[PDB]
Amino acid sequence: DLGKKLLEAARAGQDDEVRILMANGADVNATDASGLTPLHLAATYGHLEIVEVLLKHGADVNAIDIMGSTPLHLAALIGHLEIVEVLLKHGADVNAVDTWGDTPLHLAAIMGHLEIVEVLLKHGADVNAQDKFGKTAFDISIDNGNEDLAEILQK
C-alpha cells in the first residue's frame, strides 16, 4: 500500500519519493489513523515544495482530520508563512472551524505569529469568530496583554 509510504514521505520531506509514489498510483488523499492526509503532514513539518506538488495532483486543500483540523489550521499554528499563502492561493477556507471552535486566526494569534495574522486578516479572516469558550482573536490579545497583536487586529 503506497498510501502509508506517501504519508511518511510527506512528513519526512522526501520530494523525490513523493513524486515516484504518485506516479505509481499512490492515494494523494490517503489518511493515517487520525485523519491526517499527506498535505496535513507536509504543512505541519514545513515542506513547501511537497505542499505545492500535492496541490497540483488532486490534494483536497480543505481536508479535515478527526479533530476538524485543516492544513491551514496546522500551518498557521506552527508558523509556516509561505505555506499559509500557498494554501490560501489554492482555495483554503480562511475561516474553517475545528472541534475546539478555533479558526486559523485564533491559532496564529495564540502562538504569536504576527505576520501570519496580518495575511489571514488581508484574506478575509473573521475577527468576530468565537471559539468554544466565547473568545475571539481580539479577546485573546486583550486577555494576554499582547499590545502588538491588539494593534494589528484594529488596523
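Numbers follow the displayed sequence, beginning with 1.
A.B. asks: In terms of recorded Cα temperature factor, pick the maximum from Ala59, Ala109, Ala30, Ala33.
C.D. replies: The record points to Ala33.
A.B. asks: In terms of the chain's CA B-factor thirds, is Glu115 lowest, middle or highest?
C.D. replies: Highest third.
A.B. asks: Select lowest, middle or highest to describe the third in which the CA B-factor of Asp126 falls within its chain in this entry.
C.D. replies: Within its chain, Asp126 is a middle-third residue by C-alpha B-factor, going by the deposited values.
A.B. asks: Ranking the modelled residues of this chain by C-alpha B-factor as given in the entry, is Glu52 in the lowest, middle or highest third?
C.D. replies: CA B-factor rank for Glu52: middle third.
A.B. asks: In terms of the CA temperature factor given in the entry, to which third of its chain does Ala26 belong: lowest, middle or highest?
C.D. replies: Middle third by C-alpha B-factor.
A.B. asks: Comparing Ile64 with the other modelled residues of its chain, is its CA B-factor in the lowest, middle or highest third?
C.D. replies: CA B-factor rank for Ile64: lowest third.
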